[PDB]
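Novice: The structure under discussion is supplied below as structure tokens; questions concerning it will follow.
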Amino acid sequence: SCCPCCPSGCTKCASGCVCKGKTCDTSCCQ
Ligand SMILES: [Cd+2]
Ligand SMILES: [Cd+2]
Ligand SMILES: [Cd+2]
Ligand SMILES: [Cd+2]
């Protein structure tokens with residue numbers, strides 16, 4: 001897993017976790 005704020009995948013978090021920046025909106029993974 002990565003973060004409970006994303007699915008068990010998220011190509012965005014696949015490289016790590018882009019959620020380290022902000023919460024998780026259209027400017028994060030959405
Ligand atoms: Cd997340
Ligand atoms: Cd994500
Ligand atoms: Cd993540
Ligand atoms: Cd995110």
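Ligands are numbered from 1 in the order shown, chains are lettered A, B, ... in the order of the structure tokens, and residues start at 1 in each chain.
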Name the residues in contact with stretch 22-28 of chain A at a cut-off of 12 Å, using only C-alpha atoms, excluding same-chain residues fewer than 2 positions from it; report them as a PyMOL selection string.
Specialist: chain A and resi 3-7+10-13+17-20+30
Novice: Write out as a PyMOL selection string all residues of chain A that backbone DSSP assigns to alpha helix (DSSP H).
Specialist: chain A and resi 11-14
